[PDB]
Every structure is written in C-alpha cells, then in structure tokens.
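In what follows, a structure is listed as structure tokens, so that the remarks can point back to it.
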Amino acid sequence: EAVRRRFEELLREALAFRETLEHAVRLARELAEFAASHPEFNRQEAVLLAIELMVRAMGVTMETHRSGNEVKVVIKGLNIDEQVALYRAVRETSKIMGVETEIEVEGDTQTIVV
Amino acid sequence: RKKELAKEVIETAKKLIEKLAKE
Amino acid sequence: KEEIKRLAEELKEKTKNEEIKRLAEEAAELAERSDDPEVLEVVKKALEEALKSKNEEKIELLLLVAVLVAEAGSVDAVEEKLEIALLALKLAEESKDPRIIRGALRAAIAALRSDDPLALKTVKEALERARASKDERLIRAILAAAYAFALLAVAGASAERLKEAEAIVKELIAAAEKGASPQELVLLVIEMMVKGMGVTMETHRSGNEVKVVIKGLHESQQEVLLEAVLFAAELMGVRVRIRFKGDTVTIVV
C-alpha cells in the first residue's frame with residue numbers, strides 16, 4: 002500500500018529529469041529498499057516498478073507481455089550506456105528484493121524476465 | 003615537442019566540423 | 003567558457019537522445035578543466051553546429067569531437083594520449099561509415115581516460131594499423147578491440163591480464179586480414195574480456211549459434227563485458243544475445 006505512494010513520489014522525481029543517468033539507479037534502489045522494508049508488497053511487482061522508474065525517467069518504451077507464471081518485459085530504444093544502467097538497477101533491485109531475474113540483451117532492446 | 007600534435011588535433015577537427023557544412 | 007555551458011543546455015532543451023544530452027555536458031565539464039582558449043572554441047563551435055541539425059547521429063559525432071579534444075586538451079597530457087586523439091580524428095574524417103566515425107571517437111575517449119602506458123601504446127599502434135588499411139571490416143574490428151582493451155585497463159585489470167589481452171588484439175588484427183567472418187571476430191572480443199578478467203569460459207556450437215557461457219563474473223565485470231560487446235557488434239554488424247543469471251553470463255552469436 003505505502004509502496005504505491007512511494008513509487009509515485011519517486012516517479013515525479015524521475016519524470017522531472026552518466027551522472028544524470030545513475031541518479032535513476034539511486035531512485036530505483038530507494039523503492040526496492042522501501043519495498044524490502046514493506047514486505048507486504050509483491051516482490052515481483054516491486055521489481056517491475058523499479059524498471060518502470062528507470063524507463064519512465066529515460067523516456068524509452070516499455071512493453072509488458074506475460075508467458076505463464078513468469079512475467080516478461082521488453083524495453084526498446086536503449087543505447088549501450090542505458091542498457092549498462094538498466095542492467096545495474098534490475099540486478100541490484102533483484103538482490104534487494106530477492107527475485108530471480110534473467111536478462112536478455114540484443115540490439116537496442118533489453119528483455120527482462122521476472 | 004608534444005604540443006606540436008595538439009594544434010594538428012584541433013585543426014583536424016576544425017575542417018571536420020566546418021567542411022561537413024559545405025552543403 | 004560560460005557560453006559553452008549555455009550551448010550544451012540549449013541542446014538538451016530540443017533533444018532527448020541520452021548521448022546528445024550527456025556529451026553536451028561532458029564537453030562542457032571538460033572545458034573548464036582545460037582553460038586553453040583553443041579548446042574553449044572547438045567545443046563551443048561543435049555545440050553551435052549541433053544546434054543546427056536534426057540528424058542526431060551527426061550531433062553525437064560533433065559532440066564526441068569536443069569531448070575527445072578537451073580530454074587531451076588538458077595540460078596534464080602525455081604524448082601517447084595526444085597521439086591517440088590525432089589518429090582517432092584522422093581515421094574518423096577519412097571514413098564515411100558512421101560506425102567507424104563513432105567507433106574511432108569512442109575508442110579514443112575511453113582510452114584517454116587511462117594513464118596506463120601499455121594501453122595507450124597498444125591503441126596508438128592499433129590506430130596506426132587501421133589508418134594504414136582500407137578494408138573497413140579490419141577497421142571496424144580494430145576499433146572494437148581497442149575500445150574493449152581500454153575498458154579493461156580503465157576497469158582496473160591486472161598488468162598480467164592486460165598482456166593476455168594485448169595478444170588477443172594481435173590475434174584480432176591478423177585474423178581479420180585473412181578474412182574472418184564478423185562473428186568469428188566478435189568471438190575474439192569475448193575472449194579478450196574473459197581472459198582479461200581471469201574468469202571461466204565454455205564454448206559450445208549449435209548449428210550456427212556459438213553459445214558462450216561465462217561464470218565467476220561480478221556486476222562490475224558484467225557491465226564492462228556488456229558495454230564492449232554492444233560496441234563491437236555495433237561495428238561488426240552481428241546480432242548477439244547476452245543472458246545473465248546472477249554470477250553467469252551467456253553470450254550467443
């Protein structure tokens with residue numbers, strides 16, 4: 002419940018916007041650190057918000073398509089530096105939240121299966 | 003003896019930026 | 003000097019591409035550090051031209067020019083670092099392939115961020131080899147090896163691991179002369195990172211997919227391998243799939 006409001010507050014912080029690129033990772037780390045302080049929230053859903061905090065900040069496109077009990081995310085328009093940044097936030101927030109994450113990188117697209 | 007190349011680096015960019023706008 | 007910061011600001015107000023915003027500020031931050039007016043005008047000029055083009059690929063190539071000059075334009079510059087920026091601006095002007103122009107500029111920029119004499123020596127010799135060739139596949143591979151070799155020395159690889167990577171550079175330059183495929187050349191870029199990072203490696207071949215699974219890599223190492231392969235395949239024109247799973251990296255060709 003409180004995680005949903007924290008996401009909006011960090012989203013308004015992110016929507017205002026690699027030194028201005030790593031700040032989005034610090035914002036994504038904060039929601040994962042708060043979703044870890046609020047275990048009531050879904051661990052899978054909390055990591056999906058962190059990727060959204062980065063994508064909505066970077067201004068790239070985010071597509072969501074499930075495949076069963078696991079969710080697949082496809083982010084396009086990324087460059088080499090943004091994919092290095094998006095890989096870091098997804099990996100860190102995964103350790104913080106404790107979900108298994110497989111990432112796929114090809115071209116200007118980063119596929120993340122949670 | 004080194005700054006001799008520092009001028010050429012600038013001039014190599016001067017034409018690279020300018021002459022690309024000959025159109 | 004202050005005007006330099008303005009042109010960079012007036013650029014992001016109309017652009018969105020992360021490189022355009024970033025390179026605009028990087029060229030401005032590296033400007034003040036080098037208060038030689040020659041630098042303070044090339045950056046300013048490159049900015050004003052970037053304000054006059056919707057071609058974002060052109061904008062980035064104009065901003066990489068200012069960043070490359072201002073990095074070596076600082077008085078704290080050795081001869082090798084100045085020689086690398088020269089060959090990287092020559093090798094970029096002569097070619098009309100935007101990959102080679104972006105490749106030679108980004109390879110030197112990452113190389114000039116290291117005072118390591120061995121890395122600066124290898125890059126300079128690599129640029130002098132691509133500047134002395136014509137086969138663009140050889141050039142698009144030499145620039146990919148140098149940019150990946152610099153990312154290892156900047157990351158802080160061992161002096162023994164770097165020499166095990168400089169030999170792959172020789173292997174990468176010679177194999178492209180005989181006429182190696184774009185995929186067998188990227189596979190050498192993968193080996194340079196693995197051997198340069200002192201980690202494991204397993205080579206498997208399925209049809210025409212050369213799956214490479216690497217283990218024992220840290221996040222600080224899985225980002226250097228990601229940024230280098232995405233750069234090499236960008237020049238060589240190879241569709242690569244890089245998969246992670248915590249401490250494992252799986253690269254498929």
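Protein chains in written order, with the authors' numbering: chain C, 2 to 18, 26 to 122; chain B, 3 to 25; chain A, 3 to 255.
Using N, Cα and C, we set each Cβ at its ideal position, and we do this for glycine too.
Distance, residue j Cα to residue i Cα
| i | j | result |
| --- | --- | --- |
| C:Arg7 | A:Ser222 | 29 Å |
| C:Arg13 | A:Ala155 | 38 Å |
| A:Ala148 | B:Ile12 | 23 Å |
| A:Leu91 | A:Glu166 | 28 Å |
| A:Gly105 | C:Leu11 | 36 Å |
| C:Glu110 | A:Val231 | 18 Å |
| A:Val125 | A:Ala152 | 8 Å |
| A:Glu28 | A:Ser208 | 43 Å |
| A:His206 | A:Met194 | 17 Å |
| A:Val255 | A:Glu58 | 29 Å |
| B:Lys5 | C:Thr117 | 43 Å |
| C:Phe18 | A:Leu227 | 28 Å |
| A:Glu173 | B:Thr14 | 31 Å |
| C:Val33 | C:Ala58 | 9 Å |
| A:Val171 | C:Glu112 | 27 Å |
| A:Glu130 | C:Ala44 | 53 Å |
Where the beta strand (DSSP E) through residue i begins and ends
| i | result |
| --- | --- |
| C:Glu110 | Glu110 to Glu114 |
| A:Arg207 | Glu204 to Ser208 |
| A:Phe246 | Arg243 to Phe246 |
| A:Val254 | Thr250 to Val254 |
| A:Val41 | No beta strand (DSSP E) contains A:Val41, which is instead part of the alpha helix (DSSP H) from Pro39 to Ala52. |
| C:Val121 | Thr117 to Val121 |
Cβ-based neighbour list, residue i, same chain, cut-off 7 Å, excluding 5 preceding and 5 following
| i | result |
| --- | --- |
| A:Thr202 | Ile216, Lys217 and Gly218 |
| A:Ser55 | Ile61 |
| A:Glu34 | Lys3 |
| A:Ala52 | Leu13, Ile61, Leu64 and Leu65 |
| A:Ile103 | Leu63, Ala94 and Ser97 |
| A:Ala134 | none |
| A:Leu25 | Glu62, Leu65, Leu66 and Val69 |
Endpoints, alpha helix (DSSP H) assigned at residue i
| i | result |
| --- | --- |
| C:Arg13 | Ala3 to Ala17 |
| B:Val11 | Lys5 to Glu20 |
| A:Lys213 | Per DSSP, A:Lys213 belongs to no alpha helix (DSSP H); it is in the beta strand (DSSP E), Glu211 to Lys217. |
| A:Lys136 | Neither: A:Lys136 is in no alpha helix (DSSP H) and is coded neither H nor E. |
Per-residue contacts from residue i into chain A (C-beta, under 9 Å)
| i | result |
| --- | --- |
| C:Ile111 | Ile244, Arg245, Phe246 and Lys247 |
Where residue i sits in the DSSP three-state scheme
| i | result |
| --- | --- |
| A:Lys165 | helix |
| C:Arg37 | helix |
| C:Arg26 | coil |
| A:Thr17 | coil |
| C:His73 | strand |
| A:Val125 | helix |
| A:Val67 | helix |
| A:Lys180 | helix |
| A:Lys7 | helix |
| C:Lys80 | strand |
| C:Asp89 | helix |
| A:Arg115 | coil |
| A:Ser55 | coil |
| C:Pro47 | coil |
Within chain A, partners of residue i - CB distance below 8 Å
| i | result |
| --- | --- |
| C:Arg26 | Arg24 |
| B:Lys24 | The contacting residues do not exist; B:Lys24 stays about 13 Å from chain A at best. |
Proximal residues to residue i (C-beta, below 6 Å), its chain only, five neighbours per side dropped
| i | result |
| --- | --- |
| A:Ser36 | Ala72, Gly75 and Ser76 |
Chain-ordered chain B contacts of residue i [CB-CB under 9 Å]
| i | result |
| --- | --- |
| A:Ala48 | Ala15 and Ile19 |
Residues near residue i by beta carbon distance below 8 Å, same chain, minus five either side
| i | result |
| --- | --- |
| C:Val55 | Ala40, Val98, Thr101, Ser102, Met105, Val107, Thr109 and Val122 |
Where residue i meets chain C, residues with beta-carbon distance less than 9 Å
| i | result |
| --- | --- |
| A:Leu228 | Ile88, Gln91, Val92, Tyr95 and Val113 |
7 Å Cβ cut-off: residues of chain B touching residue i
| i | result |
| --- | --- |
| A:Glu95 | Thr14 and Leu18 |
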